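What follows is a short report on a single structure.
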Protein chains: 2
Amino acid sequence: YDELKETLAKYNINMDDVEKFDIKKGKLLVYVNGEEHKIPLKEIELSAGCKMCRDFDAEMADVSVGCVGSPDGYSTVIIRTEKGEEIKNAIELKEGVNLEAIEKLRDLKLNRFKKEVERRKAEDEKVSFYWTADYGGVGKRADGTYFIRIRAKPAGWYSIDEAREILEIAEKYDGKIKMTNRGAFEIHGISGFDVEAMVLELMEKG
Amino acid sequence: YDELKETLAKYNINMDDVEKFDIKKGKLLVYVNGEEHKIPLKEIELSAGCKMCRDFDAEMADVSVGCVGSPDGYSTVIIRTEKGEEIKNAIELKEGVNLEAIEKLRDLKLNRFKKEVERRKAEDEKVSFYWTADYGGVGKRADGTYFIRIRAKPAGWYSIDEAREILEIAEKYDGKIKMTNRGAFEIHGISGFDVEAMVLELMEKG
Ligand SMILES: Cc1cc2nc3c(=O)[nH]c(=O)nc-3n(C[C@H](O)[C@H](O)[C@H](O)COP(=O)(O)OP(=O)(O)OC[C@H]3O[C@@H](n4cnc5c(N)ncnc54)[C@H](O)[C@@H]3O)c2cc1C
């Protein structure tokens, strides 16, 4: 609040008189005593934790609502659960949302997060690797690194090509091979900084 | 017996009058009428089953006795068990056996066996893979090929290099990878003709 008020003070805008705020096209819009003042987002310092955030569209909500992707005066509605489906009784909904506009904001937020994580890695600052729990098969070892379990293939049969692919990915991330008593490859010693990239690489290979 | 008798008849020897036989340095020695006759073993047909034999020195006996590697009028004595050690009480034994003379015949016999198995392979003749039981970790599959179980390493840890070596040997012999519920690599589909060569290769890699 103090940062936004101080920023408004720079443009000679009294916060106590503002009619409405808005954030559109990467700019903050202020409506006070008549016309709307345009302030670039770059010029306002965001809450620090927002730099560590990955979730643009509230992907876990029953229903998510925003302005991006839909005409002005309308709200974008993303229905995700049967509870969220009840909004169809309350609102006359239309199709035609601009899906690519929403995805662009997903990527910009993720790139902001990647820059902040890289900066913490370079500066020896603390990182909580909270997104490892986004993925199945990830466990935390006693020493603060992670193991990644590749779900056992039926009857423990692996093609030579498949096994070689697993070893190549393990080598790339300095992982160590452990064979479980259910016939799975489990790769140990993965840095929290590498877990997401390695899992996606494994998923890409099937 | 009939083959030896007819062979001797060709050299004008009546087997009934023979005083002693000997096999030394590639020859059949025949002592008859106070004479020594030498017949190259190459001119004599051996019993068919000997071509499929691997064991020159009776390697499973309590004590094995022969003439190779010791001076004329002595017997070579290879003691292998505590039962065999009792011969030390019956015989004043001497050291100095020519071990290479014995090894030379081990390898000649093995090479003869390899030639006959290869001949049978080429002719699609019946081979009994009786020597697969010389090695641990070898099992017979339902379809007449074999699996080779690599004894699980402690806690199922394998170096990337170790796993790659196993896969390379599996590939060479057209083997298929199965991971056991004790953390072992088990290689399936190995021909009886290849089992020994493959096991020795794995043993060579440690
Ligand atoms: C901080 C912030 C950033 C946003 N950024 C974007 C964006 O980048 N892109 C985008 O498309 N939309 C964004 N929105 C959402 C958008 O501004 C609207 O809130 C949304 O479209 C709903 O509009 P509405 O007219 O349907 O809701 P309304 O009927 O106006 O109701 C708004 C609801 O928002 C809730 N609310 C308001 N402020 C907050 C807050 N600080 N914390 C929690 N709840 C709050 C109120 O409780 C209210 O129920 C943002 C909203 C906020 C609060």
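Throughout, protein chains are lettered first and strands after them, A, B, ... in sequence-line order, and every chain is numbered starting at 1. Only this structure's heavy atoms are used, side chains among them; waters, hydrogens and symmetry mates stay out.
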Does a sphere of radius 6.0 Å around [atom1] in [X] hold more than 12 heavy atoms from other residues, nucleotides or ligands, not counting ones at 6.0 Å or beyond?
X      : atom1 : result
A:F21  : CZ    : yes
B:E36  : CD    : yes
B:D107 : CG    : yes
A:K88  : NZ    : no
A:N89  : CG    : yes
A:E125 : CD    : yes
A:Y31  : OH    : yes
A:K121 : NZ    : yes

Rounded to the nearest 0.5 Å, the NZ atom of B:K153 sits from the CD1 atom of A:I177 at a distance of 14.0 Å

Residue-level interface, residues 165-176 of chain A with chain B, non-hydrogen cut-off under 4.5 Å: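 Hits under 4.5 Å: A:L167, A:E168, A:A170, A:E171, A:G175.
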
Taking heavy atoms only and a threshold strictly under 4.5 Å, list by residue number the residues of residues 178-186 of chain A that touch chain B; give 'none' if the list is empty.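 Only A:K178, A:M179, A:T180, A:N181, A:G183 of residues 178-186 of chain A have a heavy atom under 4.5 Å from chain B.
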
